[PDB]
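File shown: start_20.pdb. Contents: PDB, C-alpha atoms and all ligand atoms.
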ATOM      1  CA  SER A   1       2.193  69.052  -7.066  1.00  0.00           C
ATOM      2  CA  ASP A   2       5.707  70.253  -7.816  1.00  0.00           C
ATOM      3  CA  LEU A   3       7.296  68.597 -10.845  1.00  0.00           C
ATOM      4  CA  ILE A   4      10.800  68.190 -12.186  1.00  0.00           C
ATOM      5  CA  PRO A   5      10.447  69.693 -15.664  1.00  0.00           C
ATOM      6  CA  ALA A   6      10.109  67.577 -18.811  1.00  0.00           C
ATOM      7  CA  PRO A   7      13.432  67.511 -20.625  1.00  0.00           C
ATOM      8  CA  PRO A   8      13.745  69.027 -24.082  1.00  0.00           C
ATOM      9  CA  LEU A   9      13.192  66.452 -26.828  1.00  0.00           C
ATOM     10  CA  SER A  10      16.805  66.913 -28.001  1.00  0.00           C
ATOM     11  CA  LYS A  11      17.959  65.050 -24.863  1.00  0.00           C
ATOM     12  CA  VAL A  12      15.840  62.024 -25.830  1.00  0.00           C
ATOM     13  CA  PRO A  13      17.309  59.866 -28.582  1.00  0.00           C
ATOM     14  CA  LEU A  14      15.143  58.147 -31.177  1.00  0.00           C
ATOM     15  CA  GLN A  15      15.752  54.514 -32.186  1.00  0.00           C
ATOM     16  CA  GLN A  16      17.142  54.418 -35.721  1.00  0.00           C
ATOM     17  CA  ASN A  17      15.267  52.570 -38.438  1.00  0.00           C
ATOM     18  CA  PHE A  18      12.280  51.724 -36.284  1.00  0.00           C
ATOM     19  CA  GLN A  19      10.755  48.367 -37.127  1.00  0.00           C
ATOM     20  CA  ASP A  20       7.171  48.706 -35.929  1.00  0.00           C
ATOM     21  CA  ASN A  21       6.420  45.073 -36.800  1.00  0.00           C
ATOM     22  CA  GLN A  22       9.272  43.817 -34.600  1.00  0.00           C
ATOM     23  CA  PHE A  23       8.222  45.971 -31.615  1.00  0.00           C
ATOM     24  CA  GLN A  24       4.872  44.152 -31.384  1.00  0.00           C
ATOM     25  CA  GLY A  25       4.029  41.823 -28.503  1.00  0.00           C
ATOM     26  CA  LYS A  26       4.269  41.736 -24.733  1.00  0.00           C
ATOM     27  CA  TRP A  27       6.874  43.802 -22.929  1.00  0.00           C
ATOM     28  CA  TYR A  28       7.513  43.795 -19.198  1.00  0.00           C
ATOM     29  CA  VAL A  29       7.939  47.092 -17.389  1.00  0.00           C
ATOM     30  CA  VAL A  30      11.271  46.121 -15.837  1.00  0.00           C
ATOM     31  CA  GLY A  31      12.085  49.727 -14.883  1.00  0.00           C
ATOM     32  CA  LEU A  32      10.043  52.871 -14.321  1.00  0.00           C
ATOM     33  CA  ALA A  33      11.224  56.498 -14.170  1.00  0.00           C
ATOM     34  CA  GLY A  34       9.552  59.896 -14.327  1.00  0.00           C
ATOM     35  CA  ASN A  35       8.616  63.151 -12.645  1.00  0.00           C
ATOM     36  CA  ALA A  36       5.407  61.698 -11.166  1.00  0.00           C
ATOM     37  CA  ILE A  37       6.930  58.334 -10.171  1.00  0.00           C
ATOM     38  CA  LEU A  38       7.970  57.853  -6.538  1.00  0.00           C
ATOM     39  CA  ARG A  39       9.650  54.900  -4.799  1.00  0.00           C
ATOM     40  CA  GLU A  40       7.384  53.596  -2.019  1.00  0.00           C
ATOM     41  CA  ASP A  41       8.988  50.976   0.247  1.00  0.00           C
ATOM     42  CA  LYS A  42       5.701  50.742   2.145  1.00  0.00           C
ATOM     43  CA  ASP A  43       3.725  49.589  -0.929  1.00  0.00           C
ATOM     44  CA  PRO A  44       6.336  48.674  -3.585  1.00  0.00           C
ATOM     45  CA  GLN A  45       5.298  48.859  -7.248  1.00  0.00           C
ATOM     46  CA  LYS A  46       4.281  45.520  -8.771  1.00  0.00           C
ATOM     47  CA  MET A  47       5.494  44.744 -12.279  1.00  0.00           C
ATOM     48  CA  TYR A  48       3.037  45.026 -15.137  1.00  0.00           C
ATOM     49  CA  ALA A  49       3.031  44.256 -18.828  1.00  0.00           C
ATOM     50  CA  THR A  50       2.196  46.332 -21.884  1.00  0.00           C
ATOM     51  CA  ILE A  51       1.108  44.645 -25.094  1.00  0.00           C
ATOM     52  CA  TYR A  52       1.638  46.445 -28.438  1.00  0.00           C
ATOM     53  CA  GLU A  53      -0.408  45.307 -31.462  1.00  0.00           C
ATOM     54  CA  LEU A  54      -0.107  46.874 -34.926  1.00  0.00           C
ATOM     55  CA  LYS A  55      -3.507  47.282 -36.545  1.00  0.00           C
ATOM     56  CA  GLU A  56      -4.014  47.348 -40.325  1.00  0.00           C
ATOM     57  CA  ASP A  57      -3.521  51.126 -40.325  1.00  0.00           C
ATOM     58  CA  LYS A  58      -0.173  50.716 -38.495  1.00  0.00           C
ATOM     59  CA  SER A  59      -1.543  52.288 -35.316  1.00  0.00           C
ATOM     60  CA  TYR A  60      -0.701  50.424 -32.136  1.00  0.00           C
ATOM     61  CA  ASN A  61      -3.477  49.168 -29.933  1.00  0.00           C
ATOM     62  CA  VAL A  62      -1.651  49.395 -26.603  1.00  0.00           C
ATOM     63  CA  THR A  63      -3.003  47.428 -23.622  1.00  0.00           C
ATOM     64  CA  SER A  64      -1.370  47.492 -20.184  1.00  0.00           C
ATOM     65  CA  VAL A  65      -2.267  44.746 -17.715  1.00  0.00           C
ATOM     66  CA  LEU A  66      -1.760  45.438 -14.017  1.00  0.00           C
ATOM     67  CA  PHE A  67      -2.333  43.343 -10.883  1.00  0.00           C
ATOM     68  CA  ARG A  68      -4.387  45.614  -8.602  1.00  0.00           C
ATOM     69  CA  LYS A  69      -6.731  44.932  -5.660  1.00  0.00           C
ATOM     70  CA  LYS A  70      -6.521  41.180  -6.299  1.00  0.00           C
ATOM     71  CA  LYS A  71      -7.715  41.648  -9.909  1.00  0.00           C
ATOM     72  CA  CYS A  72      -6.327  42.302 -13.388  1.00  0.00           C
ATOM     73  CA  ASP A  73      -6.927  45.817 -14.654  1.00  0.00           C
ATOM     74  CA  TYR A  74      -6.694  46.715 -18.317  1.00  0.00           C
ATOM     75  CA  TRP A  75      -5.536  50.147 -19.518  1.00  0.00           C
ATOM     76  CA  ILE A  76      -6.274  50.443 -23.262  1.00  0.00           C
ATOM     77  CA  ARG A  77      -5.310  53.251 -25.621  1.00  0.00           C
ATOM     78  CA  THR A  78      -4.052  53.810 -29.158  1.00  0.00           C
ATOM     79  CA  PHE A  79      -0.646  54.993 -30.302  1.00  0.00           C
ATOM     80  CA  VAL A  80      -0.845  56.865 -33.603  1.00  0.00           C
ATOM     81  CA  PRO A  81       2.352  56.978 -35.692  1.00  0.00           C
ATOM     82  CA  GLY A  82       3.858  60.446 -35.409  1.00  0.00           C
ATOM     83  CA  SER A  83       6.413  62.710 -37.037  1.00  0.00           C
ATOM     84  CA  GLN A  84       9.043  60.027 -37.565  1.00  0.00           C
ATOM     85  CA  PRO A  85       9.239  56.260 -37.058  1.00  0.00           C
ATOM     86  CA  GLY A  86       9.548  55.358 -33.369  1.00  0.00           C
ATOM     87  CA  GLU A  87       7.616  58.464 -32.388  1.00  0.00           C
ATOM     88  CA  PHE A  88       3.872  58.368 -31.672  1.00  0.00           C
ATOM     89  CA  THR A  89       0.941  60.378 -30.362  1.00  0.00           C
ATOM     90  CA  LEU A  90      -2.285  59.323 -28.668  1.00  0.00           C
ATOM     91  CA  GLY A  91      -5.537  58.628 -30.532  1.00  0.00           C
ATOM     92  CA  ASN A  92      -8.908  59.868 -29.220  1.00  0.00           C
ATOM     93  CA  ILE A  93      -7.306  62.376 -26.852  1.00  0.00           C
ATOM     94  CA  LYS A  94     -10.831  63.827 -26.447  1.00  0.00           C
ATOM     95  CA  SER A  95     -11.884  60.833 -24.322  1.00  0.00           C
ATOM     96  CA  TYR A  96      -9.338  61.765 -21.646  1.00  0.00           C
ATOM     97  CA  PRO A  97     -10.444  64.675 -19.419  1.00  0.00           C
ATOM     98  CA  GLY A  98      -7.823  67.425 -19.111  1.00  0.00           C
ATOM     99  CA  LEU A  99      -5.456  65.824 -21.592  1.00  0.00           C
ATOM    100  CA  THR A 100      -4.120  68.242 -24.207  1.00  0.00           C
ATOM    101  CA  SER A 101      -0.963  66.480 -25.417  1.00  0.00           C
ATOM    102  CA  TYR A 102       0.738  63.083 -25.470  1.00  0.00           C
ATOM    103  CA  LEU A 103       4.061  61.987 -26.984  1.00  0.00           C
ATOM    104  CA  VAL A 104       5.862  58.662 -27.255  1.00  0.00           C
ATOM    105  CA  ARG A 105       9.440  58.185 -28.450  1.00  0.00           C
ATOM    106  CA  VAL A 106      11.085  54.768 -28.569  1.00  0.00           C
ATOM    107  CA  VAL A 107      14.557  55.715 -27.324  1.00  0.00           C
ATOM    108  CA  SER A 108      16.200  52.369 -28.022  1.00  0.00           C
ATOM    109  CA  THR A 109      15.338  48.727 -28.555  1.00  0.00           C
ATOM    110  CA  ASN A 110      16.784  45.515 -29.922  1.00  0.00           C
ATOM    111  CA  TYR A 111      13.223  44.191 -30.193  1.00  0.00           C
ATOM    112  CA  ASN A 112      13.787  40.707 -28.714  1.00  0.00           C
ATOM    113  CA  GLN A 113      15.069  41.419 -25.210  1.00  0.00           C
ATOM    114  CA  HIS A 114      14.982  45.131 -24.242  1.00  0.00           C
ATOM    115  CA  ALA A 115      13.584  48.582 -25.042  1.00  0.00           C
ATOM    116  CA  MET A 116      13.529  52.116 -23.647  1.00  0.00           C
ATOM    117  CA  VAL A 117      10.499  54.263 -24.339  1.00  0.00           C
ATOM    118  CA  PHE A 118       9.971  57.902 -23.360  1.00  0.00           C
ATOM    119  CA  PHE A 119       6.504  59.340 -22.670  1.00  0.00           C
ATOM    120  CA  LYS A 120       5.482  62.997 -22.340  1.00  0.00           C
ATOM    121  CA  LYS A 121       1.938  64.107 -21.553  1.00  0.00           C
ATOM    122  CA  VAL A 122       0.252  67.393 -20.692  1.00  0.00           C
ATOM    123  CA  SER A 123      -2.804  66.744 -18.530  1.00  0.00           C
ATOM    124  CA  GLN A 124      -4.583  69.416 -16.523  1.00  0.00           C
ATOM    125  CA  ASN A 125      -1.890  71.843 -17.740  1.00  0.00           C
ATOM    126  CA  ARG A 126       0.812  69.935 -15.833  1.00  0.00           C
ATOM    127  CA  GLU A 127       3.644  68.407 -17.883  1.00  0.00           C
ATOM    128  CA  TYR A 128       4.445  64.787 -16.981  1.00  0.00           C
ATOM    129  CA  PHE A 129       7.164  62.576 -18.415  1.00  0.00           C
ATOM    130  CA  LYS A 130       8.300  59.020 -17.830  1.00  0.00           C
ATOM    131  CA  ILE A 131      10.827  56.556 -19.220  1.00  0.00           C
ATOM    132  CA  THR A 132      10.081  52.837 -19.141  1.00  0.00           C
ATOM    133  CA  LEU A 133      12.658  50.077 -19.418  1.00  0.00           C
ATOM    134  CA  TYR A 134      10.866  47.303 -21.260  1.00  0.00           C
ATOM    135  CA  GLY A 135      12.040  43.682 -21.030  1.00  0.00           C
ATOM    136  CA  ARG A 136      10.811  40.763 -23.130  1.00  0.00           C
ATOM    137  CA  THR A 137      11.564  38.791 -19.974  1.00  0.00           C
ATOM    138  CA  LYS A 138      10.944  39.905 -16.365  1.00  0.00           C
ATOM    139  CA  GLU A 139      14.671  40.305 -15.665  1.00  0.00           C
ATOM    140  CA  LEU A 140      17.394  42.269 -17.420  1.00  0.00           C
ATOM    141  CA  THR A 141      21.174  42.451 -16.958  1.00  0.00           C
ATOM    142  CA  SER A 142      22.579  44.882 -14.423  1.00  0.00           C
ATOM    143  CA  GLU A 143      24.252  46.598 -17.360  1.00  0.00           C
ATOM    144  CA  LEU A 144      20.911  47.469 -18.981  1.00  0.00           C
ATOM    145  CA  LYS A 145      19.448  48.613 -15.668  1.00  0.00           C
ATOM    146  CA  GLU A 146      22.381  50.906 -14.927  1.00  0.00           C
ATOM    147  CA  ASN A 147      21.951  52.250 -18.462  1.00  0.00           C
ATOM    148  CA  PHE A 148      18.308  52.940 -17.585  1.00  0.00           C
ATOM    149  CA  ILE A 149      19.360  54.674 -14.357  1.00  0.00           C
ATOM    150  CA  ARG A 150      22.041  56.674 -16.166  1.00  0.00           C
ATOM    151  CA  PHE A 151      19.682  57.851 -18.914  1.00  0.00           C
ATOM    152  CA  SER A 152      16.886  58.700 -16.460  1.00  0.00           C
ATOM    153  CA  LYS A 153      19.377  60.902 -14.602  1.00  0.00           C
ATOM    154  CA  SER A 154      20.563  62.588 -17.806  1.00  0.00           C
ATOM    155  CA  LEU A 155      16.969  63.870 -17.993  1.00  0.00           C
ATOM    156  CA  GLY A 156      16.949  65.285 -14.446  1.00  0.00           C
ATOM    157  CA  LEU A 157      15.437  62.446 -12.443  1.00  0.00           C
ATOM    158  CA  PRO A 158      16.883  61.706  -8.991  1.00  0.00           C
ATOM    159  CA  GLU A 159      17.074  58.159  -7.591  1.00  0.00           C
ATOM    160  CA  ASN A 160      13.850  58.197  -5.597  1.00  0.00           C
ATOM    161  CA  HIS A 161      12.187  58.829  -8.955  1.00  0.00           C
ATOM    162  CA  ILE A 162      13.598  55.648 -10.496  1.00  0.00           C
ATOM    163  CA  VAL A 163      11.815  52.361  -9.829  1.00  0.00           C
ATOM    164  CA  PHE A 164      12.338  48.701 -10.651  1.00  0.00           C
ATOM    165  CA  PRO A 165       8.984  46.990 -10.222  1.00  0.00           C
ATOM    166  CA  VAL A 166       9.033  43.663  -8.385  1.00  0.00           C
ATOM    167  CA  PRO A 167       8.311  40.638 -10.640  1.00  0.00           C
ATOM    168  CA  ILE A 168       4.917  38.956 -10.195  1.00  0.00           C
ATOM    169  CA  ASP A 169       3.117  36.069 -11.898  1.00  0.00           C
ATOM    170  CA  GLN A 170      -0.557  36.994 -11.690  1.00  0.00           C
ATOM    171  CA  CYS A 171      -2.212  38.807 -14.614  1.00  0.00           C
ATOM    172  CA  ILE A 172       0.976  39.520 -16.590  1.00  0.00           C
ATOM    173  CA  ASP A 173       1.722  35.929 -17.500  1.00  0.00           C
ATOM    174  CA  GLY A 174      -0.510  35.013 -20.440  1.00  0.00           C
TER     175      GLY A 174
HETATM  176  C1  LIG B   1      -5.676  52.444 -14.721  1.00  0.00           C
HETATM  177  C2  LIG B   1      -4.471  53.374 -14.780  1.00  0.00           C
HETATM  178  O1  LIG B   1      -3.358  52.664 -15.322  1.00  0.00           O
HETATM  179  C3  LIG B   1      -2.792  53.561 -16.303  1.00  0.00           C
HETATM  180  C4  LIG B   1      -1.488  53.284 -16.985  1.00  0.00           C
HETATM  181  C5  LIG B   1      -0.975  51.993 -16.944  1.00  0.00           C
HETATM  182  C6  LIG B   1       0.225  51.702 -17.584  1.00  0.00           C
HETATM  183  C7  LIG B   1       0.903  52.710 -18.264  1.00  0.00           C
HETATM  184  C8  LIG B   1       0.381  53.997 -18.296  1.00  0.00           C
HETATM  185  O2  LIG B   1       1.024  55.014 -18.931  1.00  0.00           O
HETATM  186  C9  LIG B   1      -0.803  54.281 -17.663  1.00  0.00           C
HETATM  187  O3  LIG B   1      -1.253  55.561 -17.731  1.00  0.00           O
HETATM  188  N1  LIG B   1      -3.501  54.579 -16.507  1.00  0.00           N
HETATM  189  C10 LIG B   1      -4.706  54.587 -15.688  1.00  0.00           C
HETATM  190  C11 LIG B   1      -5.005  55.846 -14.912  1.00  0.00           C
HETATM  191  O4  LIG B   1      -6.183  56.044 -14.662  1.00  0.00           O
HETATM  192  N2  LIG B   1      -4.076  56.739 -14.528  1.00  0.00           N
HETATM  193  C12 LIG B   1      -4.533  57.928 -13.799  1.00  0.00           C
HETATM  194  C13 LIG B   1      -5.265  58.835 -14.792  1.00  0.00           C
HETATM  195  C14 LIG B   1      -4.331  59.854 -15.444  1.00  0.00           C
HETATM  196  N3  LIG B   1      -4.017  59.355 -16.778  1.00  0.00           N
HETATM  197  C15 LIG B   1      -4.416  59.876 -17.938  1.00  0.00           C
HETATM  198  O5  LIG B   1      -5.167  60.841 -17.954  1.00  0.00           O
HETATM  199  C16 LIG B   1      -4.003  59.238 -19.240  1.00  0.00           C
HETATM  200  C17 LIG B   1      -4.744  59.518 -20.386  1.00  0.00           C
HETATM  201  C18 LIG B   1      -4.419  58.932 -21.602  1.00  0.00           C
HETATM  202  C19 LIG B   1      -3.346  58.054 -21.680  1.00  0.00           C
HETATM  203  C20 LIG B   1      -2.601  57.773 -20.541  1.00  0.00           C
HETATM  204  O6  LIG B   1      -1.541  56.918 -20.621  1.00  0.00           O
HETATM  205  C21 LIG B   1      -2.921  58.371 -19.332  1.00  0.00           C
HETATM  206  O7  LIG B   1      -2.170  58.077 -18.238  1.00  0.00           O
HETATM  207  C22 LIG B   1      -2.631  56.610 -14.794  1.00  0.00           C
HETATM  208  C23 LIG B   1      -1.764  57.504 -13.895  1.00  0.00           C
HETATM  209  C24 LIG B   1      -0.305  57.039 -13.823  1.00  0.00           C
HETATM  210  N4  LIG B   1       0.429  57.673 -14.915  1.00  0.00           N
HETATM  211  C25 LIG B   1       1.713  58.056 -14.956  1.00  0.00           C
HETATM  212  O8  LIG B   1       2.444  57.917 -13.984  1.00  0.00           O
HETATM  213  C26 LIG B   1       2.274  58.700 -16.204  1.00  0.00           C
HETATM  214  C27 LIG B   1       3.298  59.636 -16.088  1.00  0.00           C
HETATM  215  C28 LIG B   1       3.822  60.250 -17.225  1.00  0.00           C
HETATM  216  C29 LIG B   1       3.334  59.937 -18.486  1.00  0.00           C
HETATM  217  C30 LIG B   1       2.318  59.002 -18.598  1.00  0.00           C
HETATM  218  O9  LIG B   1       1.834  58.679 -19.827  1.00  0.00           O
HETATM  219  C31 LIG B   1       1.794  58.391 -17.470  1.00  0.00           C
HETATM  220  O10 LIG B   1       0.794  57.482 -17.631  1.00  0.00           O
HETATM  221 CL    CL B   2      -1.842  66.528  -7.842  1.00  0.00          CL
HETATM  222 FE    FE B   3      -0.173  56.933 -18.926  1.00  0.00          FE
END
Using structure tokens, write down the structure that the file contains.
Ligand SMILES: C[C@H]1OC(c2cccc(O)c2O)=N[C@@H]1C(=O)N(CCCNC(=O)c1cccc(O)c1O)CCCNC(=O)c1cccc(O)c1O
Ligand SMILES: [Cl-]
Ligand SMILES: [Fe+3]
Amino acid sequence: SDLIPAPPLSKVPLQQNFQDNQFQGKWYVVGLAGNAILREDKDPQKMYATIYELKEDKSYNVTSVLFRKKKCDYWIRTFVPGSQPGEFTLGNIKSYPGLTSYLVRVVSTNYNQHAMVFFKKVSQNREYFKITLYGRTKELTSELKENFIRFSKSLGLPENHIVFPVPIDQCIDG
């Protein structure tokens, strides 16, 4: 319970001209980074997928699907469009005990192969942040991964706080 501090928002770019319609669909967490994320060579992190669906009201219904304990687990929540396109906050924050704040900023994407998204939440008074490298496929070029590593580090994260989940087939195909 000691955390590297969330970076200031000025160190987190925002994708220009955000096309919310084009960001829809399944993305693969190809890379994971944040102040509560730890590399664990004993029990390495399995890849998971996060599906974004625009509703009529242009909120995202966001569903993450994870292979856990031999089953598929579904983490569902809503992203509400925020201050500027590419930026979001969390709907029904009341239903999450201890949660007082939640921010999403799409750092970059080209929509049809890769994306970088930054998350910042304050739960139980602790400030957590993470960056996810999203891939439309389960594998990305070494260039894009090093860019993920580089950017993670520009925000204070050491290497043991940067993770590339191992590709799996169960649950996240479909
Ligand atoms: C079944 C689990 O899978 C997920 C999950 C699955 C895919 C992507 C996510 O962002 C997820 O949170 N959440 C579930 C979960 O119970 N936890 C532990 C509970 C603490 N989380 C929360 O209180 C929470 C509340 C509202 C929205 C969220 O995204 C939240 O994480 C999650 C604890 C792990 N969280 C983090 O490492 C984290 C770190 C920084 C920022 C975040 O938004 C984070 O979720
Ligand atoms: Cl803790
Ligand atoms: Fe979360």
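Counting all atoms listed in the file, the residue from A:118, A:8, A:73, A:3 that sits nearest to ligand CL 2 (chain B) is A:3.
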Correct to one decimal, the distance CA of residue 85 in chain A-atom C3 of ligand LIG 1 (chain B) is 24.1 Å
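Environment of ligand LIG 1 (chain B), defined as every protein or nucleic acid residue with an atom within 7 Å of it and counting only C-alpha atoms and all ligand atoms, comprises residues 34, 36, 37, 64, 73, 74, 75, 77, 93, 96, 97, 99, 119, 120, 121, 123, 128, 129 and 130 of chain A.
Counting only C-alpha atoms and comparing A:147, A:21, A:84, A:35, the residue that lies closest to residue 7 in chain A is A:35.
Here the PyMOL selection byres (((chain A and resi 138) around 8) and not hetatm) catches exactly these residues: residues 28, 29, 30, 135, 136, 137, 139, 140 and 167 of chain A.
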Taken to one decimal, the CA of residue 72 in chain A-CA of residue 170 in chain A distance is 8.0 Å
Neighbours of residue 63 in chain A within 9 Å (only C-alpha atoms; same-chain residues fewer than 6 positions away dropped), as an mmCIF file with C-alpha atoms, in the frame of the given file?
data_model
loop_
_atom_site.group_PDB
_atom_site.id
_atom_site.type_symbol
_atom_site.label_atom_id
_atom_site.label_comp_id
_atom_site.auth_asym_id
_atom_site.auth_seq_id
_atom_site.Cartn_x
_atom_site.Cartn_y
_atom_site.Cartn_z
ATOM 1 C CA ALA A 49 3.031 44.256 -18.828
ATOM 2 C CA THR A 50 2.196 46.332 -21.884
ATOM 3 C CA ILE A 51 1.108 44.645 -25.094
ATOM 4 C CA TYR A 52 1.638 46.445 -28.438
ATOM 5 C CA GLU A 53 -0.408 45.307 -31.462
ATOM 6 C CA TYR A 74 -6.694 46.715 -18.317
ATOM 7 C CA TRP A 75 -5.536 50.147 -19.518
ATOM 8 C CA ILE A 76 -6.274 50.443 -23.262
ATOM 9 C CA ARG A 77 -5.310 53.251 -25.621
ATOM 10 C CA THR A 78 -4.052 53.810 -29.158
#
Here CA of residue 88 in chain A and CA of residue 14 in chain A stand apart by 11.3 Å
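Candidate residues A:6, A:166, A:144, A:131 were compared for distance to residue 33 in chain A, and the nearest is A:131, using all atoms listed in the file.
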In terms of all atoms listed in the file, the residue from A:115, A:62, A:106, A:47 at minimal distance from residue 13 in chain A is A:106
Starting from the displayed file, determine the output of the PyMOL selection byres (((chain A and resi 158) around 12) and not hetatm) and express the residue list as a CSV table (one decimal) with C-alpha atoms, in the coordinates of the input.
chain,number,residue,atom,x,y,z
A,3,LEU,CA,7.3,68.6,-10.8
A,4,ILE,CA,10.8,68.2,-12.2
A,33,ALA,CA,11.2,56.5,-14.2
A,34,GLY,CA,9.6,59.9,-14.3
A,35,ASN,CA,8.6,63.2,-12.6
A,36,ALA,CA,5.4,61.7,-11.2
A,37,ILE,CA,6.9,58.3,-10.2
A,38,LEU,CA,8.0,57.9,-6.5
A,39,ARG,CA,9.6,54.9,-4.8
A,149,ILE,CA,19.4,54.7,-14.4
A,150,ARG,CA,22.0,56.7,-16.2
A,151,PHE,CA,19.7,57.9,-18.9
A,152,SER,CA,16.9,58.7,-16.5
A,153,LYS,CA,19.4,60.9,-14.6
A,154,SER,CA,20.6,62.6,-17.8
A,155,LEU,CA,17.0,63.9,-18.0
A,156,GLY,CA,16.9,65.3,-14.4
A,157,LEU,CA,15.4,62.4,-12.4
A,159,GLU,CA,17.1,58.2,-7.6
A,160,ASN,CA,13.8,58.2,-5.6
A,161,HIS,CA,12.2,58.8,-9.0
A,162,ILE,CA,13.6,55.6,-10.5
A,163,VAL,CA,11.8,52.4,-9.8
Each side padded by 6 Å, which centre and which edge lengths in Å (one decimal) define the axis-aligned box around the listed atoms of range 139-158 of chain A? Give them as lines of an AutoDock Vina configuration file.
center_x = 19.5
center_y = 52.8
center_z = -14.0
size_x = 21.6
size_y = 37.0
size_z = 22.0
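Remark: for ligand CL 2 (chain B), the closest of the candidate residues A:173, A:87, A:143, A:127 is A:127 (distances computed over only C-alpha atoms and all ligand atoms).
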Evaluate the PyMOL selection byres (((chain A and resi 108) around 9) and not hetatm) against this structure - the residues, as an MDAnalysis selection string, please. chainID A and resid 13:16 105:107 109:111 114:117
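With distances restricted to only C-alpha atoms and all ligand atoms, A:125 is the closest residue to ligand CL 2 (chain B) from A:57, A:134, A:71, A:125.
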